[PDB]
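Residue numbering restarts at 1 for every chain, and letters A, B, ... go by the order of the sequence lines.
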Amino acid sequence: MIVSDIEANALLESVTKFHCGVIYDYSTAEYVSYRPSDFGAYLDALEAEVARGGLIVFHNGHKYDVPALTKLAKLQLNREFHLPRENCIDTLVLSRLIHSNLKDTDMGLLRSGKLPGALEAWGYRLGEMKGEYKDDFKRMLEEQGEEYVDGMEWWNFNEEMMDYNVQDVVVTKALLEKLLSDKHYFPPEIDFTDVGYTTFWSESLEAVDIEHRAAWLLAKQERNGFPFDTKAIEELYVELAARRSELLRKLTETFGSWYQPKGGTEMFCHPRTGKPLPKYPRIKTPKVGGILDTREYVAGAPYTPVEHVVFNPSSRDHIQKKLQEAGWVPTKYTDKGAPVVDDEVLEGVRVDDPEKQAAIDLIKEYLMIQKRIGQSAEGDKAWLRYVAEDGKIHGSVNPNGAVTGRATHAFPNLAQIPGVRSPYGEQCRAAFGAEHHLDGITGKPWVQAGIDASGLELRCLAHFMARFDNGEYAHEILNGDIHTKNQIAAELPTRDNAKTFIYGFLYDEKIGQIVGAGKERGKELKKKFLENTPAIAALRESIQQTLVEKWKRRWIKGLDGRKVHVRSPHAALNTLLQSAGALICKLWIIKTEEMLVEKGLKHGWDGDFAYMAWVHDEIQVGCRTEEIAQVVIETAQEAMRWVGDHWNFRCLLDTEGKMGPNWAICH
Amino acid sequence: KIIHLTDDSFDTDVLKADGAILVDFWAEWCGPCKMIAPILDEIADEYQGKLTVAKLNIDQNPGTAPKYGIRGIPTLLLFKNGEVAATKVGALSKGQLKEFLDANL
DNA sequence: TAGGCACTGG
DNA sequence: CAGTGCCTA
Ligand SMILES: Nc1ncnc2c1ncn2[C@H]1CC[C@@H](COP(=O)(O)OP(=O)(O)OP(=O)(O)O)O1
Ligand SMILES: [Mg+2]
Ligand SMILES: [Mg+2]
Ligand SMILES: [Mg+2]
């Protein structure tokens with residue numbers, strides 16, 4: 001087993017030079033440094049470990065070091081270098097599994113001050129290395145009276161960078177052994193720093209193997225990216241902006257501007273009593289000025305500095321100010337002294353003036369248009385800001401970012417694109433599609449295969465209650481579509497409203513609000529649905545008794561054996577089902593890709609298919625041809641059945657596949 | 001004898017009026033405004049026939065003030081045959097006000 | 001009853 | 001940086 005890390009000139013997307021690398025070899029217990037001209041030797045050493053059936057440990061090597069080295073070997077040495085997935089260990093992937101209850105900075109992309117909770121020390125240091133190295137570089141420059149240019153610390157190799165490289169390997173080694181000491185994941189009777197790769201995966205907990213395969217595959221998904229219709233989103237932007245302007249023009253005519261105190265420095269005191277008046281706006285007392293003096297101030301004559309403010313429809317404060325003035329008396333306030341002003345209350349606000357009453361609708365339309373503009377074009381994480389030169393958006397994925405085992409998505413978050421049923425969703429959704437990628441050889445657009453696990457968490461529920469109802473629920477489920485069967489009973493409007501209902505219920509007011517009624521309907525429905533399935537109570541009880549006693553144990557055992565932290569006794573059932581769903585989906589996407597590869601299909605734009613996105617229980621796959629799209633859909637269904645059998649699931653698991661040009665059509 | 005203006009009457013009452021007109025831009029929430037108000041009532045009566053005292057509450061009439069670039073209140077704007085002759089901001093005393101008027105009238 | 005992220009106001 | 005509120009599963 002060896003531990004390694006490299007320093008290079010840029011992020012994966014534009015890296016062109018290997019600066020240095022460090023290797024720690026457990027069999028010699030020595031650290032070896034490799035400088036720029038040693039690149040060839042660095043690679044030789046890595047492949048030698050691979051030849052021994054050994055293991056290579058990197059911190060975040062799955063997304064960076066490994067891909068980066070393949071790229072740099074080709075560019076710098078015209079060499080083909082591809083470390084096998086089975087020979088690589090990643091301490092970040094490991095930490096995210098073991099300390100699934102803790103957040104991390106995602107290797108410096110997130111500011112640690114903003115993260116909630118504690119942070120594992122070693123991983124923290126590793127994530128802060130780039131920033132620390134940068135700070136050293138700058139001060140060292142300014143020390144030499146030299147100017148600093150953003151990102152210059154990475155253009156050239158230097159012994160400072162070399163020293164940080166060695167430090168990363170020392171810390172990574174320490175992190176590794178700390179993770180390896182967790183007996184729940186690694187049997188204490190085995191020294192995992194002294195075994196071959198085959199042993200490492202087979203002897204450690206299944207979760208360890210699953211998370212590494214997931215990180216390897218998702219790293220590939222990130223590099224593929226999601227083909228994006230830039231031109232279409234720019235045209236959408238123009239349309240949304242004009243409507244925004246028009247709504248602003250209408251609203252600023254209905255709700256005129258006003259003045260507000262601003263800039264006041266001194267406290268206003270009663271001119272007779274001296275009594276400080278905190279509530280009154282702060283004033284300013286001119287020191288110079290008199291009565292010919294053209295100036296407009298007079299020493300000792302106090303005035304209240306003010307500012308002119310135009311109605312900003314994006315301001316909840318402005319909205320609230322104008323509506324109360326129009327006679328609106330709020331009913332619900334924020335636990336911080338402020339009237340709640342969300343779409344739901346806006347929908348219920350009634351005033352006398354018909355023009356202002358109608359303006360409420362314009363305000364709602366305006367807020368929404370802003371939500372789309374912000375997400376699509378103006379926000380810091382806007383799609384138009386993320387589309388790369390290859391015409392794709394390469395969103396990042398933390399394979400195990402959620403406590404339950406679910407993954408998280410950011411930069412931008414491709415798991416929060418507006419749905420087709422919401423305003424402008426069809427245009428948004430249609431912009432993300434395989435059709436927007438032209439084959440590198442034929443120039444023909446690719447096709448999209450979208451597959452979604454069917455009634456996933458309701459089936460996980462059926463699985464877990466099987467020992468209480470002997471499978472009655474699981475059986476009742478495969479009798480038509482449960483969600484459609486729900487909507488009917490619940491007498492719900494949409495199949496989505498029926499899903500949001502059943503999941504809100506399974507995990508009275510909130511229920512009523514989601515269903516569109518009051519706490520009364522919420523109650524009635526809550527009982528009619530609980531009475532229908534009584535074993536749900538038994539499952540809950542059994543869960544509570546196992547965890548609570550003041551905890552008896554504050555974690556639940558996931559499908560692959562890992563510990564799943566339980567935040568609260570009330571969220572226990574949800575933790576159990578969402579984790580099951582997450583883990584089922586995770587092994588599922590791993591098996592689906594493995595099966596396609598065993599069938600002879602190549603993963604990549606230069607191949608036959610490319611994973612573009614994984615949104616919890618759905619995958620969107622780009623396919624070179626319709627036939628491949630059909631194979632992908634059928635294969636995904638087989639992989640799901642394989643997963644269900646793999647973990648002896650008590651409810652049959654299924655998938656639904658759709659073939660089309662983009663996300664609008666494939667979900 | 002104070003003239004209470006509105007956005008819609010301002011043009012003919014102030015700009016198209018004859019003689020000097022003192023306009024006070026104020027707000028009910030301003031301490032200084034509340035301070036000079038009493039003073040203005042006395043000026044209005046004292047300067048009868050020689051000056052007209054008008055008041056415009058900027059909250060009830062939001063359109064006028066901006067056209068004059070108000071940045072603080074109370075703002076005393078003196079108009080002479082359609083235009084601003086002098087301007088003073090702040091809670092002047094009766095004495096300081098009388099001086100401002102006399103010297104400017 | 002898992003997450004990311006935008007916009008306002010201090 | 002915090003308080004709010006919306007987007008997704
Ligand atoms: N509002 C929600 N609250 C909690 N969990 C949810 C919610 N929406 C979805 N989930 C969970 C449970 C199901 C899982 C995947 O979402 P999805 O909506 O596809 O599941 P589903 O089984 O309801 O639908 P389908 O059968 O149409 O695929 O995510
Ligand atoms: Mg690194
Ligand atoms: Mg589902
Ligand atoms: Mg889904």
Review point. Separation of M368(A) atom CE from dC7(D) atom P, in whole Å?
Key: 8 Å
Point to revise | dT8(D) OP1/OP2 closer than 4.0 Å to side-chain N/O of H667(A) | key: no
Study note, to complete from the structure: Test ring-ring contact (aromatic ring centres under 6.0 Å, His included), reference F226(A), set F432(A), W614(A), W383(A), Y611(A), output is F432(A)
Check your understanding: For the side chain of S315(A), counting heavy atoms from C-beta on, which of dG4(C), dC6(D), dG9(C) is nearest?
Key -> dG9(C)
Review point. Closer than 4.0 Å, any side-chain N/O of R244(A) to the OP1 or OP2 of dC7(C)?
Key: no
Exercise for review: For the side chain of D317(A), starting at C-beta, report the closest nucleotide among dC5(C), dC7(D), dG9(C).
Suggested key: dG9(C)
Exercise for review: Please state whether the phosphate of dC7(C), meaning OP1 or OP2, lies under 4.0 angstrom from any side-chain nitrogen or oxygen of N312(A).
Suggested key: no
Check your understanding: Between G401(A) and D380(A), which is nearer to the 5' end of DNA chain C once each is assigned its nearest nucleotide?
Key -> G401(A)
Check your understanding: Regarding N400(A) and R562(A), is there a side-chain donor-to-acceptor distance under 3.5 Å anywhere?
Key -> yes
Check your understanding: Which of these nucleotides, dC5(C), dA2(C), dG5(D), is closest to any side-chain atom of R406(A)?
Key -> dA2(C)
Check your understanding: Is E344(A) close to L346(A) at the side-chain level, that is, under 4.5 Å between some pair of heavy atoms?
Key -> no
Review point. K371(A) has a side chain; which of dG4(C), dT8(D), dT4(D) sits nearest to it?
Key: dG4(C)
**Study point:** Nearest-nucleotide pick for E378(A), side chain only, options being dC7(D), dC5(C), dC7(C)
**Key:** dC7(C)
Practice item. Indicate, yes or no, whether a donor-acceptor pair under 3.5 Å links the base of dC5(C) to the side chain of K381(A). Key: no
Review point. Looking just at side-chain N and O atoms, do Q448(A) and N662(A) make a donor-acceptor pair shorter than 3.5 Å?
Key: no
